[PDB]
Amino acid sequence: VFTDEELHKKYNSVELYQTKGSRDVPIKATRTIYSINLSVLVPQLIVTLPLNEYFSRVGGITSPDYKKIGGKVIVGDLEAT
Amino acid sequence: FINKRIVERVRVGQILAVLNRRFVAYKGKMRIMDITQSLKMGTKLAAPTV
C-alpha cells in the first residue's frame, strides 16, 4: 500500500490508470462512484481525519453573525438515526 | 362679497407690480441630498463568546 516508489508513480497513462464504478438509486438515474487507489488515499486519510470526526456530531447552532463554523454545516450518516 | 383681490383690471405697466416675494434659490453647481435615511446605517457589536 505504502511504498516510496508506489507513492511517486502516476496514473495519467494508458498502461496504469484509475477505474470507475457505479451503483444504483431508487428513482433517479444511476449515479457514478469513484474508486481511488488505496496508495494515494492514505495521504488523504492523514490530513482530512480531524474534519470527518468533527462534523460527525448532530448538534449545532446556525447563526450568521456567530463566529463558529461547525454548527452551520452538517453531514449526516447512512441511516437516519 | 369676498374681501380678496382675486381679479382686477390693470394697466400694462402694473403687470410687474406683484414682484414683492423674496425668493431664496440655490446654486446650480452645488448639490442637495436627503440624508434622512442615513440615520439608520450602523452595525451591532457582537459580544465575545467562548
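Listed as the method for this PDB entry is cryo-EM; the listed resolution is 3.6 Å.

**Looking at the overall build of chain A**
What chain A contains, in helices and strands, is two helices and two strands. Counting helices and strands in the order they occur from the N terminus, chain A gives β-β-α-α. Looking at chain A as a whole, 6% of its 81 residues are labelled buried. Of all intrachain contacts in chain A linking residues separated by at least 6 positions in sequence, the fraction that spans at least 24 positions is 20%. Accessible area for chain A stands at about 7600 Å²; split by element, carbon and sulfur atoms hold 60% of it. For chain A, the distance from the average position of its 10 positive side-chain charges to the average position of its 9 negative side-chain charges is 11 Å.

**Brief notes about a nonpolar patch on the surface**
Residues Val10, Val12, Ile15, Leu16, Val18 and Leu19 of chain B make up a contiguous nonpolar surface patch of roughly 670 Å² in combined accessible area. You can call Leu19 of chain B exposed: its relative accessible area is 67%.

**As for the packing of aromatic side chains**
All names here are of chain A. Within the structure shown, the criterion is met by one aromatic pair over all chains. When the centroid spacing of 5.0 Å and the interplanar angle of 40° are considered together, the rings of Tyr54 and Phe55 count as tilted. Judged by relative accessible area, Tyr54 falls into the partly exposed class, the value being 44%.

**Digging into the environment of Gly60 of chain A**
Inspection of the secondary structure puts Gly60 of chain A in the segment after helix 2 (49-52). Linking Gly60 of chain A and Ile74 of chain A, residues 14 residues apart in sequence, is a C-alpha distance of 8.5 Å.

Analysis parameters
- Numbering of residues starts from 1 on every chain and follows the written order of that chain's sequence, so it may differ from the entry's own numbering; residues lacking coordinates are omitted.
- Written order determines the labels here, with chains lettered from A and ligands numbered from 1.
- This view covers only part of a larger assembly, and the values given relate to that part.
- Side-chain numbers come from the whole structure's heavy atoms, not from hydrogens or water.
- Put simply, DSSP marks the helices as runs of H or I at least four residues long and the strands as runs of E at least two long, and each gets a number from the N terminus on.
- Think of it in three bands: with a 1.4 Å probe and only protein chains considered, a residue is buried below 20% of the maximum accessible area for its type, exposed above 50%, and partly exposed in between.
- By definition, residues are in contact when any of their heavy atoms lie within 4.5 Å.
- All accessible-area figures derive from a Shrake-Rupley calculation using a 1.4 Å probe, and residue coverage is judged against the displayed protein chains alone.
- When charges are counted, neither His nor the chain ends are considered; positive counts come from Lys and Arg and negative counts from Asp and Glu.
- Think of each charge as sitting on NZ of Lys, CZ of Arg, CG of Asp or CD of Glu.
- Patch definition: residues with relative accessible area over 30% and no salt bridge; like charges joined within 9 Å; nonpolar side chains (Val, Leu, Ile, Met, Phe, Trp, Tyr) joined within 5 Å.
- Just to be clear on terms, a salt bridge is a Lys or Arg side-chain nitrogen sitting within 4 Å of an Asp or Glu carboxyl oxygen.
- Stacked, tilted and edge-to-face are the three classes applied to pairs of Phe, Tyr and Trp rings, where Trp contributes its six-membered ring and a pair requires centres within 6.5 Å; stacked means planes under 30 degrees apart, edge-to-face means over 60, and tilted covers the rest.

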